[PDB]
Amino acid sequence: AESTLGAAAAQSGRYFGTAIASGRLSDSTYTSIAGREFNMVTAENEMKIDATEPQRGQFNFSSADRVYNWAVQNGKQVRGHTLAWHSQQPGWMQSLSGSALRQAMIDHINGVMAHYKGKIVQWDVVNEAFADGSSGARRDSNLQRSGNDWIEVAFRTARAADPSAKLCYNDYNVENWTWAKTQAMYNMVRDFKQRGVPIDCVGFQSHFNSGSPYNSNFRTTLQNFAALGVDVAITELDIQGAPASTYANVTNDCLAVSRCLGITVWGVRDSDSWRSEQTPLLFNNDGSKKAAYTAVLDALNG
């Protein structure tokens, strides 16, 4: 048995990661706990479109490289988040449409991936393209209005820019096998495999809460996507109230699926969370371990 999350996951050939924010790196409790416990890092905001290309053709990697360097200095691998998304676009990109937008999307992917070529193990190439609800439709955005092929174009561009990276599609509310959103994602991945569109992984954000609760059929979802020929990953896990039982169930679901790469929790302490009022993480505000921490560690250790 191992005494830290990352080391315990590594015994099954998997990882246990977190989200890191550059503004929190002066807090010694945060950096020492994150350093000890996790073997994979995602930048919370610093690799988004607005942060990396604030003006067209003018790239800024200062904050992104602060997070990247912290990770490598502390023995962690890095997941890149995210290259093409409807949210957090800089103003200059919000103003573009059609072919002009398509070329700017391509240039953005090429510029960011070139800076990190061979250094980032997984990329969230496209994020959150499906609508919520019963339709299974694509979400409305400038990207989607440019044509249904925008997602395929982003993946083909990314494969050529860095052939060593695993390329993921990432979304939320896609964990329950019976939901229309889940089935729309399934049909997209099946079509991409038939037609030779490069896609290596699917990311399940796994934001579980009262409106989008955990279901035992999550294991069925993971197995059915893996059977299409993709790896699966849990990318932004948090659970309202941090119940020990649900945290253990999600961990066991990943361990039961041969192509489940690992789990990232979306922050360190409850006070670091984007939804801090829902106390949804594994560490208390003082850095102490919650009951859910013990349930996850025990599941990883068998």
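Position 1 is the first residue in the sequence shown; the rest follow in order. In this text, rigid core is short for the largest set of C-alphas that superpose within 1.5 Å between two forms.
Which stretch is more displaced from the shown form in 7 other deposited structures of this protein, 93-101 or 198-206, with RMS over structures and residues of Cα positions after a rigid core fit?
Result of the core-fitted comparison in 7 other deposited structures of this protein: 93-101 deviates more.
Mind pulling up the entry and telling me whether 65-73 or 255-263 has the higher mean Cα temperature factor?
Comparing averages over the C-alpha atoms only gives 65-73.
233-241 or 272-280, whichever carries the higher mean Cα B-factor
The entry gives the higher C-alpha B-factor average to 272-280.
Checking the entry, which one of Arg156, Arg79, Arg138, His115 has the top C-alpha B factor?
If I rank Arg156, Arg79, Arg138, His115 by C-alpha B-factor, first place goes to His115.
Going by what the PDB entry lists, where does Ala291 fall on CA B-factor within its chain: lowest, middle or highest third?
For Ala291, the deposited C-alpha B-factor lands in the highest third.
In terms of the CA temperature factor given in the entry, to which third of its chain does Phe38 belong: lowest, middle or highest?
Lowest third, going by the recorded CA B-factors of the chain.
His86 CA temperature factor, ranked by third within the chain:
Tercile = middle for this residue's CA B-factor.
Taking the chain's C-alpha temperature factors as the reference, tell me which third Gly203 falls into: lowest, middle or highest.
Bottom third by C-alpha B-factor.
By the record's CA B-factor, is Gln183 among the lowest, middle or highest third of residues in the chain?
Its C-alpha B-factor belongs to the middle third of this chain's values.
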